[PDB]
Amino acid sequence: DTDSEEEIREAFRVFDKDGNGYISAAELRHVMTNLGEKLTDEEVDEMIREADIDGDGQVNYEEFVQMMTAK
Ligand SMILES: [Ca+2]
Ligand SMILES: [Ca+2]
């Protein structure tokens with residue numbers, strides 16, 4: 001709850017460039033690339049796709065967490 005899950009809630013919240021309240025695949029490639037690491041769009045696009053429960057190109061913090069670790 002507030003033990004540490006908070007940092008996760010933050011990092012992901014700030015991540016949403018368009019502060020839409022969720023996370024899209026386009027933001028990952030741009031932000032990661034902007035951060036200094038240029039990932040692969042094919043992996044990114046596929047990344048969320050697998051970590052998507054609603055199937056709306058948008059995933060909250062958890063739906064993502066379970067992914068962040070898994071490569
Ligand atoms: Ca988003
Ligand atoms: Ca989803």
# chains A, B, ... in the order shown; residues from 1 in each chain; ligands from 1

call {"tool": "residues_near_ligand", "arguments": {"ligand": "ligand 2", "cutoff": "12 Å", "atoms": "only C-alpha atoms and all ligand atoms", "output": "list in words"}}
result
residues 22, 23, 24, 25, 47, 48, 49, 50, 51, 52, 53, 54, 55, 56, 57, 58, 59, 60, 61, 62, 63 and 64 of chain A

call {"tool": "closest_residue", "arguments": {"among": "A:45, A:18, A:3, A:10", "to": "ligand 1", "atoms": "only C-alpha atoms and all ligand atoms"}}
result
A:18

call {"tool": "atom_distance", "arguments": {"atom1": "CA of residue 38 (chain A)", "atom2": "CA of residue 14 (chain A)"}}
result
19.0 Å

call {"tool": "closest_residue", "arguments": {"among": "A:31, A:26, A:39, A:11", "to": "ligand 1", "atoms": "only C-alpha atoms and all ligand atoms"}}
result
A:26

call {"tool": "closest_residue", "arguments": {"among": "A:8, A:29, A:70, A:15", "to": "ligand 1", "atoms": "only C-alpha atoms and all ligand atoms"}}
result
A:15

call {"tool": "atom_distance", "arguments": {"atom1": "CA of residue 13 (chain A)", "atom2": "CA of residue 40 (chain A)"}}
result
22.4 Å

call {"tool": "atom_distance", "arguments": {"atom1": "CA of residue 4 (chain A)", "atom2": "CA of residue 65 (chain A)"}}
result
12.9 Å

call {"tool": "closest_residue", "arguments": {"among": "A:32, A:12, A:44, A:71", "to": "ligand 1", "atoms": "only C-alpha atoms and all ligand atoms"}}
result
A:12

call {"tool": "closest_residue", "arguments": {"among": "A:1, A:9, A:69, A:20", "to": "ligand 1", "atoms": "only C-alpha atoms and all ligand atoms"}}
result
A:20

call {"tool": "select_by_dssp", "arguments": {"residues": "chain A", "states": "helix (DSSP H, G or I)", "output": "VMD selection string"}}
result
chain A and resid 5 to 15 25 to 35 41 to 50 62 to 69

call {"tool": "closest_residue", "arguments": {"among": "A:30, A:2, A:42, A:7", "to": "ligand 1", "atoms": "only C-alpha atoms and all ligand atoms"}}
result
A:30
